[PDB]
Every structure is written in structure tokens, then in C-alpha cells.
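Chains as they are written, first to last, in the authors' numbering: chain H, 37 to 136; chain E, 53 to 135; chain L, 52 to 137; chain R, 37 to 136; chain O, 53 to 135; chain W, 52 to 137; chain K, 33 to 323; chain V, 33 to 67. For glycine and all other residues, C-beta sits at the position ideal for the given N, C-alpha and C. Here's the structure we're looking at; comments come further down.
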Amino acid sequence: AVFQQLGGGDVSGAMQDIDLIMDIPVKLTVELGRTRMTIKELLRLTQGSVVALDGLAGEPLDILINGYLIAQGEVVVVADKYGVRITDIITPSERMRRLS
Amino acid sequence: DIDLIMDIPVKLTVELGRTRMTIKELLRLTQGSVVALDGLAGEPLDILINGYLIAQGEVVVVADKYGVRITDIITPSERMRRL
Amino acid sequence: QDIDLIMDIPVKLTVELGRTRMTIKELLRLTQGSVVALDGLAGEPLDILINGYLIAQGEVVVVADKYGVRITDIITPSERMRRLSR
Amino acid sequence: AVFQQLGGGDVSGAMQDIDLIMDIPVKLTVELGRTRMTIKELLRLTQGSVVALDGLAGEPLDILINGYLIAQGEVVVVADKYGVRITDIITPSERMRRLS
Amino acid sequence: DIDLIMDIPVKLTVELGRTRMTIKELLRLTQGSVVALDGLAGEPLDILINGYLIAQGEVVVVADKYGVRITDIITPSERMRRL
Amino acid sequence: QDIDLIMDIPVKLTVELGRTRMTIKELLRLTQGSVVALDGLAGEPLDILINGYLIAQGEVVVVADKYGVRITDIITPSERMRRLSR
Amino acid sequence: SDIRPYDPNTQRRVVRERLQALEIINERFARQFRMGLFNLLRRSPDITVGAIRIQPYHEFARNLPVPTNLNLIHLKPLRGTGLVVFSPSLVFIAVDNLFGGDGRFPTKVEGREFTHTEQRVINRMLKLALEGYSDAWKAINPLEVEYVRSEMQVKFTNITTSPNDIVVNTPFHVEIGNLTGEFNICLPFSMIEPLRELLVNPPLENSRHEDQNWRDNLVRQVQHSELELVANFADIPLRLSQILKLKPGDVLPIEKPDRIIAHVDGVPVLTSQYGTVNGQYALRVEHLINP
Amino acid sequence: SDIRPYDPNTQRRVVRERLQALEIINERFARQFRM
Numbered sequence: 037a038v039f040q041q042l043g044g045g046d047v048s049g050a051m052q053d054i055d056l057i058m059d060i061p062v063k064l065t066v067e068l069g070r071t072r073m074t075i076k077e078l079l080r081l082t083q084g085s086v087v088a089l090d091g092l093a094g095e096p097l098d099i100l101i102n103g104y105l106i107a108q109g110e111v112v113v114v115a116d117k118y119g120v121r122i123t124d125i126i127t128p129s130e131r132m133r134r135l136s
Numbered sequence: 053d054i055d056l057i058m059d060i061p062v063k064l065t066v067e068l069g070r071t072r073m074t075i076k077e078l079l080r081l082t083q084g085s086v087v088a089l090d091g092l093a094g095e096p097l098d099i100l101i102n103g104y105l106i107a108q109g110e111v112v113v114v115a116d117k118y119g120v121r122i123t124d125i126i127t128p129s130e131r132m133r134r135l
Numbered sequence: 052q053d054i055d056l057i058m059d060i061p062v063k064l065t066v067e068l069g070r071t072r073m074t075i076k077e078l079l080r081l082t083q084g085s086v087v088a089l090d091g092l093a094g095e096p097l098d099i100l101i102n103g104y105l106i107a108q109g110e111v112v113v114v115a116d117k118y119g120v121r122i123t124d125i126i127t128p129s130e131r132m133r134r135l136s137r
Numbered sequence: 037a038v039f040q041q042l043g044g045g046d047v048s049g050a051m052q053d054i055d056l057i058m059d060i061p062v063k064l065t066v067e068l069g070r071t072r073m074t075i076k077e078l079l080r081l082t083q084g085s086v087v088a089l090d091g092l093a094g095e096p097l098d099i100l101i102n103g104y105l106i107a108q109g110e111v112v113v114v115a116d117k118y119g120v121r122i123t124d125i126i127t128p129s130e131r132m133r134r135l136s
Numbered sequence: 053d054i055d056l057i058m059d060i061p062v063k064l065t066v067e068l069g070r071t072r073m074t075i076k077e078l079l080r081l082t083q084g085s086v087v088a089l090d091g092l093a094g095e096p097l098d099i100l101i102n103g104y105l106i107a108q109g110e111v112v113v114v115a116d117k118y119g120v121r122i123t124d125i126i127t128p129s130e131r132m133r134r135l
Numbered sequence: 052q053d054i055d056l057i058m059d060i061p062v063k064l065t066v067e068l069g070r071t072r073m074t075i076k077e078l079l080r081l082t083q084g085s086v087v088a089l090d091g092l093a094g095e096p097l098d099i100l101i102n103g104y105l106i107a108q109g110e111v112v113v114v115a116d117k118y119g120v121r122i123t124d125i126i127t128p129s130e131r132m133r134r135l136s137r
Numbered sequence: 033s034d035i036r037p038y039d040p041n042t043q044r045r046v047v048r049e050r051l052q053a054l055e056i057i058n059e060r061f062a063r064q065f066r067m068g069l070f071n072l073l074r075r076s077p078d079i080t081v082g083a084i085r086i087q088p089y090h091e092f093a094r095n096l097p098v099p100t101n102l103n104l105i106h107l108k109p110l111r112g113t114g115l116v117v118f119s120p121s122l123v124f125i126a127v128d129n130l131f132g133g134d135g136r137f138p139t140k141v142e143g144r145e146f147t148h149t150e151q152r153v154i155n156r157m158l159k160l161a162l163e164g165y166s167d168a169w170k171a172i173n174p175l176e177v178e179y180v181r182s183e184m185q186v187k188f189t190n191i192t193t194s195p196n197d198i199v200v201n202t203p204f205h206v207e208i209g210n211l212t213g214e215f216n217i218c219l220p221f222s223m224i225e226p227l228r229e230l231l232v233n234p235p236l237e238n239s240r241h242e243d244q245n246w247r248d249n250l251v252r253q254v255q256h257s258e259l260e261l262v263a264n265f266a267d268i269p270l271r272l273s274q275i276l277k278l279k280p281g282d283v284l285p286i287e288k289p290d291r292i293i294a295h296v297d298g299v300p301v302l303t304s305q306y307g308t309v310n311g312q313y314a315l316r317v318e319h320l321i322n323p
Numbered sequence: 033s034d035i036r037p038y039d040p041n042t043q044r045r046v047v048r049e050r051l052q053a054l055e056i057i058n059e060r061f062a063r064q065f066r067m
């Protein structure tokens with residue numbers, strides 16, 4: 037019974053600003069491609085096998101922060117190091133196009 | 053019972069890059085900004101199933117469609133090192 | 052392979068209330084007096100960690116007017132493996 | 037029962053000035069580098085072994101007073117004696133970057 | 053039981069300098085001021101684990117990354133002299 | 052190796068209330084009447100030191116209207132070693 | 033295994049970064065300075081922009097000749113002090129052309145200093161140079177260029193806290209007739225650093241409204257990203273020896289937590305009082321940790 | 033082991049310190065004094 041029971045703390049909610057949370061690390065990840073595939077072919081997979089991805093070659097790649105899609109970029113090579121070039125923040129319409 | 057889970061669909065992804073950033077950095081990105089990737093060129097791309105890493109493999113393009121060759125399947129010994 | 056060499060090194064132990072995963076939206080509109088939950092039921096043993104690595108489990112106990120953690124068990128690697136797996 | 041029980045002494049708190057505490061010795065220490073490493077490699081260590089540090093070579097070194105990071109400097113050699121050259125007091129943002 | 057504490061992470065540091073100063077002196081430091089170090093050049097740098105001294109060793113750079121060679125591990129006989 | 056040579060040299064003995072570690076912030080806003088604690092429970096024997104070197108332990112005692120330290124023990128080096136270690 | 037002893041004061045910090053925005057600002061400034069020089073000297077100069085050099089300050093200092101006119105300039109609101117270096121050859125050519133000379137004789141420099149008339153001519157040239165540079169920067173980032181001081185030696189400037197600091201040098205070569213000269217523009221990297229993302233990518237034909245709309249939409253897109261928030265109830269310091277003997281059933285004493293720090297991946301975001309709500313461990317948020 | 037008798041009034045206090053700020057003040061003053 038050490039912990040004190042908190043309740044009724046739903047005072048209000050309003051966005052303050054985006055600098056209170058600024059220096060918080062984000063997990064950025066660029067995605068090469070997607071493919072919907074069942075377990076059928078999944079175990080059929082051996083070493084050296086090739087899995088085709090739904091994404092057409094040369095299309096803009098997807099950029100996610102903490103696993104949430106935010107933007108579409110393009111992959112570039114700078115000094116032998118892989119780099120993405122941000123092209124456009126995705127729209128809600130393409131977000132749902134992605135969902136379906 | 054294996055037959056039940058031998059047919060189910062699942063979502064597969066392969067990730068090409070991984071970077072850690074603050075928001076000063078994310079906001080600073082504009083249009084055309086190039087973001088460097090911790091991953092070196094030629095290293096095996098992670099392959100994830102519903103966000104769960106199971107394998108590593110190189111990038112290859114077949115018939116003008118993106119693809120990946122499964123170089124190896126990671127044993128959970130490397131998972132400790134993944135964090 | 053020395054033993055007395057690191058037999059005295061200090062470590063710092065942390066204990067958590069609980070996990071929770073909540074987006075930038077709710078974090079920005081959190082105000083004073085607002086209440087946010089955690090992923091743990093009130094009663095499970097809290098997780099003790101060192102250098103961000105799981106080490107133990109225990110809960111807080113009230114003896115007289117003083118507080119402390121009553122460790123329940125020590126996690127073997129097998130348990131740690133299922134911790135990461137699920 | 038010799039000691040008299042003191043209580044309710046929380047009158048107020050206000051910074052006075054930094055010269056009341058001036059001639060107090062500080063423990064200044066410059067840090068070469070850091071590295072997060074587990075006990076695994078720790079005992080593997082023998083005499084003559086080399087431990088790589090996270091800090092890139094030639095980067096500004098860290099200056100602490102009583103173990104608290106205050107500034108970043110650069111190492112110089114003057115008359116065969118090691119010396120650091122203070123370059124910039126760290127910012128709260130880099131402080132937290134260091135923390136994470 | 054050794055297995056439990058044979059895997060735990062720990063923070064390692066190596067300190068290059070050590071100086072004692074008053075605040076007149078600390079405040080007097082400005083931008084570009086050079087602060088001398090009690091430590092002579094070439095003496096073994098202290099190596100600390102979570103702020104605890106365990107060893108002494110020289111500074112060496114490998115593959116463009118800072119490093120240190122463990123010259124020796126200090127036995128607690130020198131700890132009395134460390135103070 | 053003489054003995055009567057230093058048999059008479061005087062030493063000064065100090066006794067502490069307790070340790071505490073507190074930053075510049077709280078030190079500067081300490082005002083008159085403010086109360087600060089120490090790292091020791093009220094009741095443990097205080098540490099007696101000479102030239103900044105631990106020598107004994109004892110607490111204050113009231114006999115009549117006079118005060119003195121009642122030494123509890125003499126610290127052997129082994130204890131001193133664990134004092135530095137922890 | 034490559035392992036060599038650590039030697040201080042060695043040029044080991046290499047930071048190579050292409051600066052397209054500076055690469056175009058240099059040509060814009062060169063065009064502006066060419067017509068300014070045509071307007072002043074009543075001649076036809078050609079200015080070739082050299083490769084931008086990213087080098088430690090003492091390399092730039094040692095490559096400079098002595099004496100050379102150095103013009104400390106303030107590129108406000110950027111904190112710092114840039115340098116405009118006019119070679120003896122260029123000022124000699126300008127003075128020769130202004131004072132009744134068709135540059136027939138070869139330029140001779142033998143460590144001769146600069147008189148007051150030469151200093152005034154250099155000030156007149158530097159006014160045009162600074163106007164052109166400000167106009168060139170105006171396209172990308174509007175800056176005001178102020179000339180604060182002129183010097184002749186290298187040890188009087190010290191615009192870098194340390195000689196090993198990294199600076200960005202652009203040498204231009206100005207040719208008039210057969211005569212030639214050069215002049216450099218050096219900016220400490222501290223001034224450029226807040227504008228690195230602007231100076232790195234090549235400029236795009238957009239508008240400030242479009243740019244602010246871009247990050248606005250991106251900001252809104254970022255908001256829908258789940259985070260991991262961790263609450264720390266207590267932090268107790270134990271030795272390794274305690275940890276090995278530590279076994280189930282022990283009690284480790286902790287102090288009163290007045291407030292509970294909530295951090296995301298280490299960075300603290302909240303301090304809030306602990307509690308229990310709906311059978312869940314709850315926190316009553318008290319204060320968002322603003323910087 | 034170097035051990036020699038203590039002789040007072042001998043120049044034993046050596047304080048060598050480069051003074052860059054004076055090194056530039058000297059040239060500034062020299063230029064002003066020349067004109």
C-alpha cells in the first residue's frame with residue numbers, strides 16, 4: 037500500500053511546442069522494399085535464394101522514424117557510405133494508399 | 053497443427069539503412085538534404101518479418117524489381133549484440 | 052582471468068515503474084496534473100537493471116518509515132532470451 | 037540526548053554570489069576518451085593489450101571539475117608538460133547527447 | 053554465479069590530466085586559455101571503471117581512433133599513495 | 052629506528068559530524084537558518100582523524116555538564132582497506 | 033594491425049564536405065566583383081574562382097605571404113569574424129592602374145608595407161568587394177557585411193581560438209591585361225556550422241513560403257511517431273561484490289523519490305509523481321523538462 | 033644525486049612564459065611610435 041492511488045488527472049491537453057522534446061534521440065531507418073508473402077514460400081527459402089520485392093527498382097525509398105513513415109527519399113552513395121536524400125514528406129492520401 | 057500456420061500470410065520487409073538522430077537534426081533536414089547511414093556499403097541488409105529480424109542479406113535487382121539474396125539467418129547469439 | 056581485480060568495481064542499479072509507448076502528439080499536450088499509465092499491473096515486481104542491462108526483479112516494501120526493494124528472483128539467460136523474444 | 041533536534045529550517049533559498057565560495061579547491065580533470073565495454077572483454081585484457089576508445093582521434097577532449105563535465109578543450113604540449121586549451125563550454129544539448 | 057556478472061556492461065574511461073585549482077583560477081580561464089597539467093608527458097594515464105581506478109597505461113592511437121595500452125594493473129598498495 | 056625520539060611529538064585529533072556531497076547550486080542558496088543533513092544516522096560513532104588520516108571512532112557523551120568522545124574501537128588496516136574500497 | 037604512438041598537435045582531424053551553396057555564392061560574388069572592378073579601375077578584369085579549401089587555420093596562415101593586407105569582417109548575425117585577404121600583387125596592380133599606370137612595368141614586391149594612400153585604395157576596393165559578397169549571400173541567406181579592421185601581419189588577426197581550428201578558404205585569381213594577382217576569402221567553420229545543412233545541398237528553385245510549408249508538413253508528419261518512455265523510480269549505488277552475493281529475498285534500502293524522472297532513450301523528458309490508477313502504475317505529470 | 037649548498041642572492045627563480053598579447057602590443061606601439 038506504499039503507492040498512492042492517482043486518479044482524475046485528465047485536466048486538459050494542448051500542444052506546447054516542439055522544442056521541449058527536441059534533444060530526444062529518434063530511430064531513423066530507411067526501407068529498401070516490401071513484399072507480402074506467406075509462410076508457404078518462407079521456409080522454401082534457402083541460402084542464396086532471391087526474394088523479389090513489391091517496390092519497383094529505382095523508386096523512392098521510404099524513411100521511418102521509430103517505425104513511422106514520414107518521408108520518401110532517394111538513395112545516394114557519398115564517399116563509399118550509403119546515404120538517402122530526402123525528397124518529399126508523404127501525404128495522408130499516399131499513407132492510406134500504402135495501408136491498402 | 054503445422055498445416056494451420058504453414059499457409060498464413062505475413063509481411064516481409066528489408067531495411068537498407070539505420071541512423072540515430074536528435075530533433076534539431078531531423079528538423080534541420082530540408083528538401084534535397086542527404087542523410088548519411090551508419091551502415092557501410094555492401095554490408096548485409098537486415099530482413100524483418102512484421103518488424104522482427106530473422107536474416108541478413110545483400111541487395112540485388114532482378115527483372116527491374118528490387119530484391120534481396122538471403123546471405124544468412126541470424127542465430128539469437130547476434131541478437132544480444134543487436135542491442 | 053583475474054577475480055579480485057574487478058571484485059570491488061562499483062555499479063549503479065536502477066528500478067523502473069514501467070514501460071509505456073506513447074507518440075509525440077500526447078507527449079506535447081501533456082499538461083500539469085495529467086496522468087499517464089504504464090504497461091505493468093500494480094503489483095508485479097519491478098525490473099532492476101545495470102548499465103541498461105536486466106539484472107534482477109523486485110518490488111518496493113515499507114518496513115517502518117523507510118523504503119527498499121525486495122528482490123524476487125535472479126533472471127537466468129533462458130528467461131532473458133524469452134524477454135527479448137516476447 | 038546531547039544533540040539538539042533541529043527541524044523546520046527550510047526558510048528560503050537564493051543564490052548569493054560566486055565569491056563567497058571562491059577560494060575553494062576544485063578537482064579539475066581532463067578526459068582522454070570513453071568506451072562502453074562489458075566484463076566479457078574486461079578480463080580478456082592482459083598487459084600490453086590495446087583498448088579502442090569511442091572518441092575519434094584529434095577530437096576535443098572533455099574537462100570536468102569534481103567529475104562534472106563543464107567544457108571541451110584541446111590538448112597541447114608546452115615545455116614538455118601536458119596542457120589542455122579550453123575551447124568551448126558545453127551546451128545542454130550536447131550534455132544530453134553525451135548522456136544518451 | 054560468476055556467469056551472471058561475467059556478461060554485464062560497465063563504463064570505462066581513461067583520464068589524461070589531473071590539476072587542482074581555486075575558483076579565482078577557474079573563472080580567470082577564458083576562451084583559448086591553456087591549463088597546465090600536473091601529469092608529466094609520457095606517464096601512464098589512469099584507467100577508471102565507473103570512476104574507480106584499476107589500472108595505468110600509455111596513450112596510443114590505433115586506426116585513427118583513441119586508445120590506451122594497459123601497462124599495469126595497480127595493486128591496492130598504491131591506493132594509499134593515490135591520496 | 053628510534054622510539055623516544057618521536058615519543059613526545061604532539062598530534063591534533065579532529066572529529067566529524069558527517070560526510071555529505073552537495074553541489075555549488077544548493078551551497079549558494081543556503082541562507083541563515085537553513086538546515087542541511089549529513090550521510091550518517093544519528094547514533095553511529097563519529098570518525099576520529101589525525102592529519103586527515105583515519106585513526107579511531109567514537110561518539111560524544113554527557114557525563115555531568117562536560118563533553119568528551121567515547122572511543123568505540125581502533126581501525127585495523129583491513130578495515131581501512133574496505134573503507135577506501137567502499 | 034596499425035598502431036602508432038599518439039602525437040599531439042598533428043593534423044589528424046579531417047572534415048571533407050562539399051559545399052555547393054558556397055560554390056555558387058563564389059561565382060555570384062566573382063561576377064559582382066568583376067563589374068565593380070571594371071567600374072573602378074576602368075579596365076576589364078577576369079576573376080577565376082579557385083577550389084574551396086577546407087584546411088586548418090595555420091595552413092592558411094603559413095601559405096599567406098608577408099606582408100599582405102588582411103580585412104577582418106563581421107558577417108552578422110553569424111557569430112565570428114571572417115577574413116578577406118588582398119595580395120600585394122592585387123593592390124599593386126590597382127594602385128598602378130589608378131595612378132596613371134598602364135601596367136607596363138612588372139610588379140615588384142619586396143616586403144614593402146602599405147602607406148595611407150594604399151590603405152585608402154584598398155578600403156575603396158574592399159567596399160565593392162563587401163557589397164558584392166553581401167549581395168551574393170543575399171540570395172541564399174541575407175547577411176550584412178561590416179569591415180571592422182585592417183592589418184598587415186598574420187599574428188594580429190587570430191580569428192581562430194586555436195591554430196588547429198578548421199577554416200574554409202576560397203582563393204580567387206584576378207587578371208588585368210598581362211598582370212595577375214590573387215585574393216582569398218576565409219571563413220572560420222564556427223560561423224558556417226549553423227548553416228551547414230543550407231551550405232551543403234545545392235540550392236533549389238523554391239520560395240521561403242514553400243520551405244516553411246515543407247518543414248510544417250514534416251513537423252505534422254513527425255507527430256504521428258510512437259516513442260518509448262521509461263520512468264525511473266530509484267537509483268541505488270551497489271558494489272560488484274554486493275551484486276554477486278545478491279540473491280532473492282534481500283532488501284536494498286532506497287530513499288524517498290519526491291519526483292519521478294521519465295526519459296526517452298536516456299534523455300529525460302518528464303518529472304511526475306508516481307501513483308496507481310486502474311490497476312496500472314501511473315504517473316501524475318508535474319513538469320515538462322524544457323531547456 | 034645533485035646536492036649543492038644553498039647560496040642566497042643567487043638567480044634561482046626562473047619564470048619563463050610566452051606573452052603573445054604583449055608580443056602584438058609591442059608591434060602596434062612600434063607602428064604608432066614610428067609615425
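By the beta-carbon neighbour count (other beta carbons within 10 angstroms, threshold 16), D53(H) is exposed. Per DSSP, the continuous beta strand (DSSP E) segment holding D124(W) begins and ends at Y118 to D124. Inter-residue distance for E67(L) and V120(E) is about 40 angstroms (C-alpha atoms, whole angstroms). One thing to note: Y118(O) has its Cβ within 7 angstroms of the Cβ of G91(R). Taking the CA atoms as reference points, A93(W) sits about 14 angstroms from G43(R). When rounded, the separation of the alpha-carbon atoms in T65(R) and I154(K) is 48 angstroms. Only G45, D46, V47, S48, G49, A50, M51, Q52, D53, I54, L56 and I57 from the segment 45-57 of chain H bring a Cβ to less than 8 angstroms from some Cβ of chain L. Residue pairing from DSSP places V86(R) in a beta bridge opposite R121(O). Counting only the Cα atoms, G109(E) lies some 10 angstroms from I126(E).
What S85(R) touches in chain O, judged by beta-carbon distance under 8 angstroms, is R121 and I122, going in chain order.
As the crow flies, the alpha-carbon of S222(K) is around 8 angstroms from that of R111(K). Among the bridge pairs identified by DSSP, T303(K) is matched with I293(K) and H319(K). Residue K140(K) holds the alpha-carbon nearest to the alpha-carbon of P120(K) among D267(K), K140(K), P109(K) and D134(K). Rounded to the nearest angstrom, the gap between the Cα atoms of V114(R) and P40(K) is 11 angstroms.
Annotation for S129(R): the continuous alpha helix (DSSP H) segment containing it runs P128 to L135. In this structure, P220(K) is the residue among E176(K), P220(K), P174(K) and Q185(K) with its C-alpha nearest to the C-alpha of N196(K).
Leaving aside the five residues that flank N233(K) on each side, the residues in its chain whose CB is nearer than 7 angstroms to its CB run, in chain order, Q52. Here the alpha carbons of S129(W) and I275(K) stand approximately 21 angstroms from one another.
Taking 7 angstroms as the cut-off, the Cβ atoms of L272(K) and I101(L) do not count as close. If you compare the alpha carbons of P96(W), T71(W), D98(W) and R80(W) with that of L89(W), the shortest gap goes to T71(W). At a cut-off of 7 angstroms between beta carbons, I106(H) contacts chain K. Boundaries of the beta strand (DSSP E) harbouring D98(W): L97 to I101, taken from the DSSP string.
When C-alpha distances from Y165(K) are compared across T192(K), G298(K), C218(K) and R181(K), the shortest belongs to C218(K).
Per DSSP, reduced to three states, the secondary structure at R50(V) is coil, with no helix or strand assignment. Inter-residue distance for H256(K) and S136(L) is about 26 angstroms (C-alpha atoms, whole angstroms).
Counting the other Cβ atoms within 10 Å of the Cβ of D34(V) gives fewer than 16, which makes it exposed. By the rule that beta-carbons nearer than 7 angstroms mark a contact, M132(R) touches chain H.
Along the length of the segment 231-302 of chain K, whole alpha helix (DSSP H) runs at least 4 residues long occupy 240-255 and 272-277, reported in chain order. With 16 or more other Cβ atoms inside 10 Å of its own Cβ, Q312(K) counts as buried. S182(K) carries a strand assignment under DSSP once its states are collapsed to helix, strand and coil. Note that the C-beta distance between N101(K) and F118(K) is below 7 angstroms. Counting along the chain, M73(R) sits inside the beta strand (DSSP E) bounded by residues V62 to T74.
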